[PDB]
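Residue numbers (the deposited numbering), protein chains in the order written: chain c, 139 to 234, 244 to 310; chain a, 284 to 376; chain b, 1 to 191; chain Z, 5 to 290; chain U, 398 to 787.
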C-alpha cells in the first residue's frame with residue numbers, strides 16, 4: 139500500500155484528527171475508471187465532508203482513506219483509569244480559592260445583573276413591533292448554582308473531615 | 284492526659300515539675316526558646332494553653348490506647364461518613 | 001570452523017592477587033582471557049563471547065557478542081575481591097546462553113574457579129543433570145586455590161557427561177609455581 | 005535529590021506496548037525496561053522511553069539480564085534524534101517490588117548516578133496514580149548497620165503537557181466535562197471517606213501487625229511523629245470545639261447570606277420570563 | 398464484485414419461483430461455465446439458484462452443499478451459503494454447523510457474515526445452545542469489522558420471537574465493547590420482540606439510542622422500533638418525529654427509516670407529511686433514505702387514497718434529472734422506482750398476516766434490508782418480503 143501520513147502539529151488540544159493518509163493510483167490505469175472501490179458505500183461513508191479543497195484539487199490520482207481510532211481492551215480502560223482517577227482530586231482525597248471567590252463571584256454576578264434587568268424597561272406589546280429579544284438569566288442561574296453549592300459543601304468540609 | 288484539657292493549670296506544671304508557681308512562666312518561655320512547642324502562654328488564670336509538641340516514644344500500652352482513640356476516629360468518621368453519604372445517596376441519578 | 005558459544009567465567013575473588021602463579025595471578029587469568037579471545041577470533045567470528053564472574057556478584061558488563069576488542073579493554077582494573085559462588089555461575093552463564101541469537105551454535109563453555117566454593121555435590125549434580133537436559137559441555141580450568149586435586153568440580157565433570165558427550169575436561173589447579181601458558185596449553189591442545 | 009516528577013502518559017503507553025510484546029510469549033516474571041528522562045530542576049520530566057529484554061530465575065535473585073550494548077545503542081539513537089532526553093531510570097510492571105530491584109538499581113546507577121524506578125500496573129483498579137518514585141539513599145540506621153541501602157519513596161504524579169491530549173480525549177469520548185454542580189463531590193466523598201479510611205484501617209491492621217508481630221523495624225521514629233502531626237486533633241468525646249461552633253457559624257454565615265439573597269434573585273430571574281412567555285404561549289396559542 | 402454478482406443475481410430475482418428449469422436455463426451459467434472476473438459470475442449463479450429454491454428445496458441441500466464443498470475457496474461460497482440457509486430452515490443441516498466455523502478458521506472476507514446468516518437461518522428462533530457458545534464465545538477474539546458485524550447479524554438472527562428468553566444474554570451483550578455486541582443486542586431484541594408491544598425493549602432501546610456516543614449503534618437502536626412494532630404500527634410516527642431532529646444524520650437517518658419500516662404496508666398521510674421535511678434535509682443521504690422509506694410507504698398505493706403518490710414520483714423525477722445531488726441518491730432513486738412498481742403494483746409487504754400469524758420472511762427481509770453498507774444483495778432479499786395478494 140505504502141500509505142502516507144500528513145500532519146500539522148499546531149491545531150488543537152483535544153479535538154482535531156489532523157492526520158491525513160493517501161494512496162496514489164498510477165497514471166497507467168488512465169484507460170480504466172478511477173477509484174472503483176468495489177462497494178463505494180463505506181467509501182461514500184468516508185466521502186462525508188469532501189475535506190481539504192486543495193487536496194480535492196489534488197483529486198488527480200488521490201483520495202483519503204478511512205482511519206478509525208480503534209479500541210485497545212488491554213489499554214483503553216487503564217488509560218481511562220489514568221485520566222479520570224488521576225484527575226479526580228489526583229489521589230481522590232485532596233480538596234474534599245473559597246473565601247475570595249465570594250467577592251469575585253459577587254462582582255461577576257451583580258455587574259452583569261443590572262444590565263440583565265435593564266431590558267424590562269423596553270419590553271412592551273405590539274408583538275413584532277419591538278426587536279431585541281435576548282435572554283438574561285445566563286451565568287446567574289448556573290454560575291451561582293455551582294458556586295454557592297460547592298462552597299456550602301466547602302462549609303460542610305469541616306463536619307465531613309472533622310467527625 | 285485526656286486529649287489536651289485545652290487549658291492547663293499552674294498546679295499541674297508545678298506539681299509534675301516539683302517547682303513553685305512563679306517558675307512555670309520561665310518554663311514555658313524557655314520551651315519556646317527551645318522550640319518544641321508553639322504555645323500561647325495562657326496565664327490570665329495561670330492555666331496554660333496547648334499547641335503541637337515534639338512527641339515521645341509510643342509505648343506498647345500506648346500503641347493499644349492509640350489503636351483505641353485512633354480506631355475511634357477511624358470508624359466513627361467512616362461510619363458517620365457513610366451516614367452522610369446515605370443521606371446523599373438519593374440524589375445521584 | 002565450528003558454531004558454539006563459550007562464556008568465560010572469570011574469578012574476581014580476593015584469592016587471585018598473589019604471585020605463586022606467575023607475575024600476577026590477575027595477569028594469569030588475564031592471559032587466559034587473551035588466549036581464549038584470540039582462540040575465538042581464530043574460531044568462527046559468527047560465535048560470541050561475553051564476560052561473567054562467579055564471585056561477589058554475577059557481573060555482566062559486555063554482552064555475549066562476536067566482538068572482543070572491548071573485552072580486551074575490559075581486561076583492565078578487574079580488582080579481584082569478594083566471595084566465590086560458582087554454583088550460581090553455571091546457571092547464570094546458562095541463562096546468558098539462553099539469551100543468544102542462534103540455535104545452530106553449540107554450547108561448549110569454559111570456567112575459572114580459584115577459591116573454596118560452598119558448593120554441595122548435590123547442587124552441582126542438579127546443575128549437571130540439568131545440563132544433561134540442556135545439552136552443554138563445560139571445560140573448567142582450575143585456578144587459585146581450593147584443593148590441590150579438586151573433587152566437587154571433578155564430580156561435576158563426572159556427572160555432566162556419559163558415553164557420547166564427554167566434553168568435560170578439568171585442568172585441576174597446580175597450586176605451586178606453574179606457568180602462565182603451561183596451564184592454558186593443555187586446553188588449547190585439547191579443551 | 006529528586007523533588008517530584010512530571011510524567012506524561014505517553015511513556016506509560018510505551019510501557020503498555022512492550023507489555024503486549026511480552027504477553028504473547030513465555031512470561032516468567034515481568035518487564036524491566038529503560039526509563040529515559042528530561043531532568044531540568046530537582047523536579048523531573050519524562051518524554052519517552054524504550055525497553056530492554058529481561059529474564060529472571062528465582063533461586064538466589066541474582067540471575068537477571070539486560071543488554072547494555074543494545075541499551076547504549078538505542079540511547080545513542082534517541083540522543084542523536086533528540087538531544088533533550090537522557091536516561092533517568094527504569095520501570096517494572098509487577099506492582100510489588102522485590103529484593104533483586106536494588107541490584108537492578110545500583111547496576112544501572114553507573115551511567116547516570118541516579119536511576120528512579122517506576123512501578124506501574126497493566127491491570128490497575130484500586131490504586132490511585134500508577135506513577136511511583138523511589139531513590140536509593142541511606143539514613144544509615146539508628147543501629148547504623150553495614151550499608152542499609154534503602155529505596156526512599158519520592159513523591160510522584162501524572163505530568164501535563166500542552167496538546168498531548170489531542171489523541172486522548174478524542175479517543176476516550178465518554179468524558180462528561182465540568183460536572184461541577186452534580187455528583188462529582190459525592191464520588192470524591194465516597195472514595196475519600198471509604199478509600200482513605202481503609203488506608204487508615206489497614207494502617208491500624210499494620211498496628212495489629214505491630215501487636216502480634218512487628219519486631220522487625222517496629223519504627224518508633226517516623227510513625228508516631230507524623231501521627232503526632234495527625235494528633236494535632238485528638239478528637240475524643242465531648243468534641244472539644246466550643247471554641248469552634250461560632251467559627252462554624254461564621255463558615256455558614258456568608259454562604260447562607262449569598263444563598264438567601266442570590267436565590268431570591270434567582271426566583272426573580274425565573275418568574276418574569278416564565279409568566280410573560282407562559283401566558284403569551286397560552287392565550288396566543290390560539 | 399457487484400457488477401458480476403448483481404448481473405447474475407437480478408436474473409434470479411426475476412426467476413423467483415421457477416422450480417424445475419434452473420439447471421437447463423443456466424447451463425451457460427454454471428460456476429465453471431462462465432469464467433468470471435474473479436468469483437461472482439460464478440457466485441451469483443448459486444445465489445440465484447438459492448433464490449429460485451428459496452424456502453422450497455429439493456436437492457438444494459446436497460447439491461448446493463456439495464458444489465460449495467467442491468468450491469475453490471471461501472470467496473465463492475457466499476450466495477450458495479445464503480440460499481442454503483434460506484432453504485435449509487428446519488432441515489437439521491449439520492454441515493452448515495460443522496464446516497463453516499472451520500472453513501473460516503479465524504475469519505473470512507464477507508462469507509463469515511454469510512456463515513452467521515446461514516446458521517441463523519437454519520436455526521431461526523432456535524436458542525442454538527451449541528451456537529450460542531460457538532458464535533458469541535467466538536465473536537470477541539478476532540478484530541475486523543465485517544466478520545464481527547456479520548456474526549452480530551447472525552446471533553441476532555438465531556434468536557427470534559423469544560419475548561423473555563434471551564434478555565440476560567442481551568444485556569451481557571450490552572456490557573461488551575463499543576461497536577459489536579451492544580449493536581447486536583439491539584438487533585437481537587429487535588428480533589426477539591417481533592409482534593409485541595413489550596415495554597422491556599424500549600427501555601434499553603431509547604437508553605442506548607441517545608445516551609451512547611457511538612453513533613451507528615444509535616442508528617440501529619432507532620431502526621429497531623419498526624422491527625418490534627409492526628403489528629400495531631400507528632404508535633411510532635408521533636414520537637419518532639421528535640427523533641427526527643437529532644444532532645447527527647445517524648439518528649435522523651434511522652428516524653427516516655423507522656416511519657418507513659414500521660408502516661410500509663400502509664399509506665398513512667401523517668407519516669408522509671413528516672417524511673416531507675426530512676427529505677428537505679441539509680444532509681444528503683438522510684433525504685435519500687427518507688425517499689427510500691416513502692417508496693416503501695407507497696407500494697400498491699393508488700392516488701385516490703393519498704394524493705402524494707404522484708407528488709413523490711415527480712419529486713423522484715426532480716432528484717433523478719439533475720446531476721448535483723448525492724452520488725447514491727440516484728442509486729436510491731431508481732431503487733425507489735423499482736420498489737415503486739414492484740411486480741407492476743402486484744406484490745406488497747406485510748410482516749404479519751391477517752389471522753394473527755406473522756409473516757416471518759417479511760420480518761427477515763426488512764432486517765436483512767437495513768444493513769446495506771456491505772453485501773448489497775441484502776437489498777436483493779426484499780423479494781422475500783413480498784406477498785401473494787391474490
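Ideal placement from N, C-alpha and C gives every residue a C-beta, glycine not left out.
Check whether the Cβ atoms of residue i and residue j lie closer than 8 Å to each other.
i                      : j                      : result
residue 50 of chain Z  : residue 92 of chain Z  : yes
residue 747 of chain U : residue 756 of chain U : yes
residue 841 of chain U : residue 182 of chain c : Any property of residue 841 of chain U remains undetermined from this structure, which presents chain U solely from 398 to 787.
residue 300 of chain a : residue 307 of chain a : yes
residue 625 of chain U : residue 590 of chain U : yes
residue 603 of chain U : residue 551 of chain U : no
residue 15 of chain b  : residue 145 of chain b : yes
residue 7 of chain b   : residue 109 of chain b : yes
residue 295 of chain c : residue 771 of chain U : no
residue 150 of chain b : residue 142 of chain b : yes
residue 406 of chain U : residue 454 of chain U : no
residue 341 of chain a : residue 224 of chain Z : yes
residue 205 of chain c : residue 165 of chain c : no
residue 17 of chain Z  : residue 213 of chain c : yes
residue 5 of chain b   : residue 169 of chain b : no
Would you mind giving the Cβ-Cβ distance between residue i and residue j, rounded to the nearest angstrom? I have them listed as a contact below 8 Å.
i                      : j                      : result
residue 138 of chain Z : residue 156 of chain Z : 6 Å
residue 483 of chain U : residue 447 of chain U : 6 Å
residue 89 of chain Z  : residue 42 of chain Z  : 6 Å
Residue i by DSSP, collapsed to three states: which one?
i                      : result
residue 30 of chain Z  : coil
residue 186 of chain b : helix
residue 5 of chain b   : strand
residue 208 of chain Z : helix
residue 734 of chain U : helix
residue 160 of chain c : strand
residue 330 of chain a : strand
residue 261 of chain c : helix
residue 49 of chain Z  : strand
residue 234 of chain c : coil
residue 771 of chain U : coil
residue 41 of chain Z  : strand
residue 48 of chain b  : strand
residue 213 of chain Z : helix
residue 300 of chain a : coil
Problem set entry | Three-pair Cβ contact test at 8 Å for the segment 556 to 576 of chain U versus the segment 600 to 615 of chain U | Yes: the two stretches touch, three or more of their Cβ pairs being nearer than 8 Å.
For this session: Spell out a yes or no on whether the segment 493 to 501 of chain U and the segment 464 to 479 of chain U are touching, meaning 3 or more CB-CB pairs, one atom from each, closer than 8 Å.
Result: Short answer: they touch.
Problem set entry | Stretch pair the segment 219 to 228 of chain c + the segment 257 to 275 of chain c: three plus CB contacts closer than 8 Å | Counting C-beta pairs with one atom in each stretch, the segment 219 to 228 of chain c and the segment 257 to 275 of chain c have fewer than three that are closer than 8 Å, which means they do not touch.
For this session: Tell me, please, whether the segment 61 to 68 of chain b touches the segment 92 to 105 of chain b by the rule of three or more beta-carbon pairs shorter than 8 Å.
Result: These segments touch.
Problem set entry | In chain order, each alpha helix (DSSP H) run of at least 4 residues that lies wholly inside the segment 90 to 152 of chain b | Here the runs fully enclosed are 121 to 132.
Exercise. Considering only residues of the segment 62 to 110 of chain Z, which uninterrupted alpha helix (DSSP H) runs meet the minimum length of 4 residues and lie entirely inside it, listed in chain order?
Worked result: Listed in chain order, the complete alpha helix (DSSP H) runs (minimum 4 residues) inside the segment 62 to 110 of chain Z are 72 to 85.
For this session: Spell out a yes or no on whether the segment 552 to 559 of chain U and the segment 710 to 721 of chain U are touching, meaning 3 or more CB-CB pairs, one atom from each, closer than 8 Å.
Result: The segment 552 to 559 of chain U is not in contact with the segment 710 to 721 of chain U.
Exercise. Three or more C-beta pairs closer than 8 Å, one from the segment 351 to 368 of chain a and one from the segment 190 to 203 of chain Z: is that the case here?
Worked result: Taking 8 Å as the limit for Cβ pairs, the verdict is that the segment 190 to 203 of chain Z does touch the segment 351 to 368 of chain a.
Problem set entry | Stretch pair the segment 126 to 137 of chain b + the segment 159 to 176 of chain b: three plus CB contacts closer than 8 Å | In this structure the segment 126 to 137 of chain b lies against the segment 159 to 176 of chain b, because at least three pairs of beta carbons, one per stretch, are closer than 8 Å.
For this session: Tell me the start and end of each unbroken alpha helix (DSSP H) in the segment 448 to 515 of chain U that is at least 4 residues and wholly inside, in chain order.
Result: If we require 4 residues or more, the alpha helix (DSSP H) runs fully inside the segment 448 to 515 of chain U come out as 459 to 466, 475 to 484, 492 to 495 and 498 to 501.
For this session: Check whether the segment 694 to 704 of chain U touches the segment 653 to 669 of chain U, taking contact to mean three or more Cβ pairs, one atom from each stretch, closer than 8 Å.
Result: They touch, by the three-pair rule.
Exercise. If we count Cβ pairs, one from each stretch, closer than 8 Å, do we get three or more for the segment 77 to 93 of chain b versus the segment 11 to 27 of chain b?
Worked result: Touching, yes.
Problem set entry | Cβ contact check for the segment 34 to 45 of chain Z and the segment 55 to 72 of chain Z: 3 or more pairs under 8 Å | As far as the Cβ criterion goes, the segment 34 to 45 of chain Z touches the segment 55 to 72 of chain Z, which means the pair count is three or higher.
Problem set entry | Contiguous alpha helix (DSSP H) assignments of at least 4 residues, all confined to the segment 111 to 174 of chain Z | Within the segment 111 to 174 of chain Z, no run of alpha helix (DSSP H) at least 4 residues long lies entirely inside it.
Exercise. Do the segment 680 to 691 of chain U and the segment 726 to 734 of chain U meet, that is, are 3 or more Cβ pairs less than 8 Å apart?
Worked result: By the C-beta criterion, the segment 680 to 691 of chain U is judged to be in contact with the segment 726 to 734 of chain U, since at least 3 inter-stretch pairs fall below 8 Å.
Exercise. Is the segment 190 to 200 of chain c touching the segment 145 to 162 of chain c, taking contact as three or more C-beta pairs under 8 Å?
Worked result: Yes, they touch.
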